[PDB]
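A short write-up of the structure that comes next.
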Amino acid sequence: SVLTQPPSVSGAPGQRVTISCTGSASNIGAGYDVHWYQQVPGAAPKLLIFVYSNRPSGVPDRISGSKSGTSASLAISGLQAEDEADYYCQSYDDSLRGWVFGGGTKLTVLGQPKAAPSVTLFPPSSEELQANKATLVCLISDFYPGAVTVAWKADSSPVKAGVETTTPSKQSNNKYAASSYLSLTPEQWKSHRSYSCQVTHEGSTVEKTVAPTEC
Amino acid sequence: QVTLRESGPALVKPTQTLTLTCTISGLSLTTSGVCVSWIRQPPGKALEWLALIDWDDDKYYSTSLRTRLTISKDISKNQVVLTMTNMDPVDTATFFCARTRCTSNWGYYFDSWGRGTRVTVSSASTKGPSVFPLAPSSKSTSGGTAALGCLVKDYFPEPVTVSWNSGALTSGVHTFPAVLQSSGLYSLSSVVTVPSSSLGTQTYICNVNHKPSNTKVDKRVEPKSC
């Protein structure tokens with residue numbers, strides 16, 4: 001994304017959080033207005049802040065916007081349960097000649113203890129290799145807030161192609177779960193020293209690794 | 001009271017052309033200063049602006065998708081139409097139309113949004129899953145448990161169900177939500193957390209039932225060996 005947001009921000013009721021939106025000289029630095037949108041899961045986005053800091057009808061003043069340099073920021077004082085949602089900054093970029101959004105920030109209003117994910121990574125099965133296919137399976141469970149980012153590596157090199165990752169969904173215990181899958185040829189799987197799944201939960205990145213020589 | 005409502009097909013097949021319609025009420029598309037945009041949102045991903053049309057017939061497009069898009073206005077019906085050519089399953093997304101403030105005295109932002117409409121790009125083919133064992137290690141862990149499972153790959157449509165040992169094993173079972181893949185097929189995994197001490201002696205079988213294709217699979221999951 002041309003505009004960069006943290007994937008997750010969280011606070012308890014009554015706390016203040018801020019969401020940064022970092023751009024560049026082709027958008028926020030060029031003076032193109034920054035706006036913010038709020039999106040409750042299940043619904044369409046709504047305008048929350050326009051021209052940096054103006055609030056539409058119905059948006060409370062504990063929600064504030066600002067701009068400095070190549071960045072913008074959304075502050076929410078006094079978190080209320082209704083603030084739990086995804087938030088997007090938006091501007092214009094004159095190198096791409098188009099309206100651009102940030103990647104989005106899930107704001108969780110904490111209602112239970114924070115919990116780090118359990119991550120399990122499986123290599124391709126011998127049966128799948130015998131069908132001339134290979135899938136790595138990265139399973140992520142029991143985490144709260146319900147927001148993660150997943151990346152993959154072959155040896156030490158980032159791998160972007162062949163990646164399919166779910167959005168976090170609520171479990172019975174009201175913690176969250178997600179999964180990510182990496183599709184490879186059997187030849188790639190056998191040719192690298194190892195492959196890793198990297199799971200980032202509020203700034204904490206844990207990496208699980210599997211190798212074709214692990215038996 | 002400006003309102004916008006999207007309409008169009010829920011399902012489109014690959015390479016086909018998608019036509020979406022935005023009906024605007026309470027505001028005339030002929031009025032100076034009135035613009036409307038289309039924005040898409042792939043499942044679980046960020047918003048992405050696609051196109052804008054103004055009260056002159058001025059048309060603006062994402063520079064990355066320009067050659068696939070056309071935006072048009074039907075003044076008779078007060079509607080803005082999006083056409084997007086050569087649909088692929090990677091294009092599955094919710095599409096929104098939004099009244100866009102469009103002029104220097106106001107700003108350039110998405111003021112009033114439609115509710116959105118989901119377009120899924122997929123074939124007409126039902127397809128059952130391939131099921132593969134996710135073998136557990138017998139290696140020591142702090143907790144004395146190991147995870148084993150079954151990968152349920154490349155099926156369509158949802159749903160699928162997974163049981164373990166014909167329903168006799170329910171404790172420690174976690175069947176994950178499915179992923180909709182770039183191919184337009186689904187995959188999911190079901191894992192069981194079991195005692196490592198049992199890996200040599202208990203049998204574990206996952207039973208997959210994909211009722212839409214009438215495919216049933218039993219797969220024995222055996223521990224890793226060397």
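In what follows, every chain begins at residue 1, and chains take the letters A, B, ... in the order their sequences are listed. When reading the values below, keep in mind they use all heavy atoms of this one structure, side chains included, and skip hydrogens, waters and symmetry mates.
Using a cutoff of 4.0 Å between basic side-chain nitrogens and carboxylate oxygens, A/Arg62 and A/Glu82 are scored as salt-bridged.
Note on B/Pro133, B/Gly44, B/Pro177: by heavy-atom pairs under 4.5 Å with chain A, the leading option is B/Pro133. For the set B/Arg115, B/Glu48, B/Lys153, the count of heavy-atom pairs under 4.5 angstrom toward chain A peaks at B/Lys153.
With a 4.5 Å cut-off on non-hydrogen atoms, A/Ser183 touches chain B through its side chain but not through its backbone. Only the side chain of A/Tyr37 has a heavy atom closer than 4.5 Å to any heavy atom of chain B. Heavy-atom distances place no part of B/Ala98 under 4.5 Å from chain A, backbone and side chain included. Residue A/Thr167 touches chain B through its side chain alone, counting heavy-atom pairs closer than 4.5 Å.
Applying the ring pair (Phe, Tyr, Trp, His ring centres under 6.0 Å) test to residues at least two apart or on different chains, the pairs with a partner in residues 196-215 of chain A are A/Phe143-A/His201.
Shown here for B/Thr92 and B/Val121, the closest heavy-atom pair between the two residues is OG1-N, 3.0 Å. What you find for A/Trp152 and A/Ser180 is that their closest heavy atoms are NE1-OG, 2.9 Å.
Interface residues of residues 128-140 of chain A toward chain B, defined by a heavy-atom distance below 4.5 Å and sorted by number: A/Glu128, A/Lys133, A/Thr135, A/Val137, A/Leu139, A/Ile140.
Scored by the side-chain contact (heavy atoms from CB on, under 4.5 Å) test, A/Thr185 finds A/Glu187, A/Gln188 as partners (sequence neighbours excluded). Shown here are the side-chain contact (heavy atoms from CB on, under 4.5 Å) partners of B/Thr3, two or more places apart in sequence or in another chain: B/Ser25.
B/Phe110 and B/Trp113 have perpendicular rings, their planes meeting at more than 60° on a 0 to 90° scale where under 30° would count as parallel.
The CG atom of A/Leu74 sits 13.5 Å away from atom NE2 of A/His35, with the distance rounded to the nearest 0.5 Å.
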